[PDB]
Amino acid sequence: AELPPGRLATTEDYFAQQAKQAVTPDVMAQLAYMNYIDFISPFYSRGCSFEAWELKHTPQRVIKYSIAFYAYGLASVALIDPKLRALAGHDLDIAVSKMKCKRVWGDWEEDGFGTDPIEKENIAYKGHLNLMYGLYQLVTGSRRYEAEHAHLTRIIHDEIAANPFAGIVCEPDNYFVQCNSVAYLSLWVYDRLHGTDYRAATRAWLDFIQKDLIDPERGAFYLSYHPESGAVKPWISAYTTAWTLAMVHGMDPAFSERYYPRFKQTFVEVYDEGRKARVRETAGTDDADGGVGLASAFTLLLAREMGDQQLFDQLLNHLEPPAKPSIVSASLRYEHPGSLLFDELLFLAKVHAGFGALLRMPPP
C-alpha cells in the first residue's frame, strides 16, 4: 500500500503486525515514550507519581481512562510479539499499581460519594480496574492480584444481581452503557481465567440496552439512563456508541455487526475525495467531534475492532497528520494532540487485536 501524507505507517502494516509477530517502528517508538525516560515516562515506576500525566495536562478525572487504554493496548502488544510479552506484563503490573493510587480514584471522595471507590456504584472506575486485573493475569500468568480480582468480580456480579435494571451506575443515578460494557467484558475475562459463569448476566444486559437505551434505526445509543426517574437523555452519542459496540463485539459480535453500518450512516462524514473521515458526536449537526471530542478516536478503535481497514485509514488520515507526530531519539511525540487521551487511543487502535482475541490469549 501507499503511505498517505503525514502518516508514520500504512494501514496494511498496522493490520499485518500480528501475522508478522512484530509491532511497527512507530508503535515501538510509542512503547519507548511510555517506558524510556527516568521519572517522567508513564510506566517508569509502580509508585504513586503522575509526572507523565501532569506534563500532558491530563485532567484528574481522565487519568483512570488513560491508564486503562494504555493497558488494553499493552494486552495486544503481548499477543503481537512474544519478545515484548515480558515488558507488556511489567507495564500492566505498573498500570494496576497506579490505577489503585488515590490521585486516580480520589474524585469519588471529593464529589462526596464515599471513601471506598470499590464498595458500590462507581462502575467507571471499578469496571476498568476489574478488566485490567484480568488482562494482567492473561498476559503474565501471575496471581499477584488474584485475591483482589476474585473480590472485585463478586462485588460487580452482586451489584448487577441486586439492581432492577441490567447493570451498574457510576455516580448515584447516572447509568452509561459504555462503562457497563467494560464491567461485563471484565466478567468474560474472569470466566476465561477461572472457568466460572459470571458472563451469564450479559444476555439480560444486551436485551435491556436494545430497548430504551438504543435508537436501532440509527445504530446509536442515547447519552445516559437515570433509573430513579427512568429518564433517558434524548440525544444520541457517537463516542458512546463507538466504545460500547467495540467492547460488545468481544462478547456478542452479532450485536455490534447488526448496528455498525447504521452507526457509520448516522455519524461518519467521508471527505477529501474518500481519503479521510471525521465523526459527528450527535444528530442534527454538521460539526465533527463535539461534546467530549472523542467520536473520531473511539471510531478508529471501533473500525480496528470490526476489521474495517478503509474507515481505519480514513480516520487515521484525519487524526494523525495535523497532530504532527515525530520520532526523536527513537521515541514518539505529537506536537498538536487533537483531543484528550490522544496518544493512548492512537496507540490502542494501531495495535488492537480484538477483545475476542484478548479473551482467547494463549498462556506464556
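Note that residue numbering begins at 1 and tracks the sequence as displayed.
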Between 180-188 and 159-167, which has the higher average C-alpha B-factor in the PDB entry?
159-167
Avg C-alpha B-factor, entry values, 215-223 vs 103-111, higher side is 103-111
For the C-alpha B-factor as written in the entry, point me to the maximum among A95, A231, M247, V77.
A231
Please work out which residue in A71, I118, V279, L131 has the highest C-alpha B-factor recorded for this crystal structure.
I118
Chain-wide C-alpha B factor ranking for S41, given as lowest, middle or highest third
middle
Of the three thirds of its chain by CA temperature factor, lowest, middle or highest, which one includes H57?
highest
Can you tell me whether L315 has a C-alpha B-factor in the lowest, middle or highest third compared with the other modelled residues of the same chain?
lowest
Sorting by Cα B-factor within the chain, modelled residues only, which third would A19 end up in: lowest, middle or highest?
highest
In terms of its chain's C-alpha B-factors, the third that includes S256 is the middle
